[PDB]
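Q: Before I ask anything, let me first share the structure, which is written out below as structure tokens.
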Amino acid sequence: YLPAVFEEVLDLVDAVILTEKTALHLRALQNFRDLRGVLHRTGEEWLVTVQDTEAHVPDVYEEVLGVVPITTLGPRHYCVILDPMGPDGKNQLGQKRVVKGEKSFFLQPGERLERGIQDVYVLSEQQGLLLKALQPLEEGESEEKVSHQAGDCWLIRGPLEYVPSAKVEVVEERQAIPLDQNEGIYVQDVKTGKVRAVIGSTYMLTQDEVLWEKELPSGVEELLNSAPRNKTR
Amino acid sequence: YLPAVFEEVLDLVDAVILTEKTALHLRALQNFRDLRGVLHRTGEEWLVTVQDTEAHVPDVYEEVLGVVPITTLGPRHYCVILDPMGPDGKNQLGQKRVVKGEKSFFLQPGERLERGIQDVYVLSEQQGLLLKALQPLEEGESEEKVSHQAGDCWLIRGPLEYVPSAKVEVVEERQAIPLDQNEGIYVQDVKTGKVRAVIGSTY
């Protein structure tokens, strides 16, 4: 290029290379129209990927805020995107969206993972999830179709996999206890206080059951015949 | 721009960039009309957001008091705005308005959060909220539809979520006590003094 009499030549700007693993996040310094023909306002931040241009030149109207690597959630993974941009094109502040299911997306401008890609919960026959519905209306959230209120703790169990929705929250892990005949555990149903002393097959506490201590009037050494007794079972 | 013979050129003023996360709070130094065509009095403070201009130049008639970040109340949050500006366009002094429900607003000039974004109350079957209605007429305040008087304490319980209205005030947490048969707690009903010794289920 031969500069004109007036063109003061500045530094040569190279194009950033976009693979499907990266996207370019940049803010429009001022109102203009990009190469692809999209309006942009003075301060709007957005992403350019391989679906638009394989090698994007930072325009004079754009400031490259950075390069975002692709966030890939494996077949067994989920993430909680904070402030997800809705259909209108703006970050929904305060809100959060759970995303899972072997996906690979880009963190939109303003979005941020809650705790990153953590793990998807997998529980067997002897594992549970004690959950709290700190936000009400868990009606169509899963197959159970039972609508939990705002705070009523409940236990989900079975050989299955779970992703905690935005409303629900994991309270505890609830490992079961293996019991045979003539053996059991003292369970107090804190929702009613009643102690049941459930014996027989293996058992795990429900949403509102706690191991209950059984005190003996010093008549324990005479029945054991060093190691303290498990005074809860 | 080529200055005239009389124009004494002052400093170049740059436009502040407004994202949906920020707004510009500024006071009119004197009566004028803004770019959008809104009258402003000598001393009136107001906000400009992205809904008006994406990059606002501080006018010669305006003094930028600052930039306010957006106050976002999550799906489980509330705030108590002190001195909320009513429909007339003035701060209602002394008053306070509770705002909740996954919102994202801007603190209007003169408004201020009571204690900021604290938390929305969530209580299970074994948690309560002992509340005092220090301001009367809690008639249509919630679904219970029962009108509490000016100061009569009452307990709200259940697997639900609560936001304390401006009139009501949280007194205490009221955790339940798990009781089985042949066990209970001695309760004195201070409204009548009688002691009941309630036994049986949890209470």
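Chain identifiers are assigned as A, B, and so on, following the order in which chains appear in the structure tokens; residues are numbered from 1 within each chain, and ligands are numbered from 1 in order of appearance.
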Kindly provide the residues of segment 38-132 of chain B that approach segment 125-133 of chain A to within 12 Å, each paired with its closest atom pair and their distance in Å to one decimal, based on only C-alpha atoms, listed by chain and increasing number, as a tab-separated table.

A:
```
residue	atom	partner	partner_atom	distance
B:76	CA	A:133	CA	11.4
B:122	CA	A:133	CA	9.0
B:123	CA	A:133	CA	9.9
B:124	CA	A:132	CA	8.6
B:125	CA	A:132	CA	11.4
```

Q: Can you list, as a PyMOL selection string, all residues belonging to segment 61-146 of chain A that DSSP tags as strand (DSSP E or B)?

A: chain A and resi 62-69+71-73+78-82+85+91+96-100+103-105+112-113+121-123+127-132+138

Q: Which residues are near residue 97 of chain B? Cut-off 9 Å, only C-alpha atoms, ignore same chain within fewer than 6 positions. Put them as a PyMOL selection string.

A: chain B and resi 79-84+165-166

Q: Show me which bits of chain A are within 8 Å of chain B, counting only C-alpha atoms, as a PyMOL selection string.

A: chain A and resi 41-44+90+93-95+134-136+149-153+189-195

Q: Write out as a PyMOL selection string the residues lying within 10 Å of residue 184 of chain A, counting only C-alpha atoms and excluding same-chain residues fewer than 2 positions away.

A: chain A and resi 177-182+186-187+197-203+232-233

Q: Mind checking which residues fall within 8 Å of residue 161 of chain A, counting only C-alpha atoms, ignoring those fewer than 5 positions away in the same chain, and posting them as a ChimeraX atom specification?

A: /A:120-123

Q: Name the closest residue to residue 117 of chain B among the candidates B:52, B:8, B:129, B:99; distances are taken between atoms, counting only C-alpha atoms.

A: B:99

Q: List the neighbours of segment 134-148 of chain B out to 10 Å using only C-alpha atoms; skip same-chain residues closer than 6 positions along the sequence, and give me the result as a ChimeraX atom specification.

A: /B:154,156,162-169

Q: Please indicate the distance in Å from atom CA of residue 119 of chain A to atom CA of residue 102 of chain A, rounded to one decimal place.

A: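 Atom-to-atom, atom CA of residue 119 of chain A and atom CA of residue 102 of chain A are spaced 12.2 Å apart.
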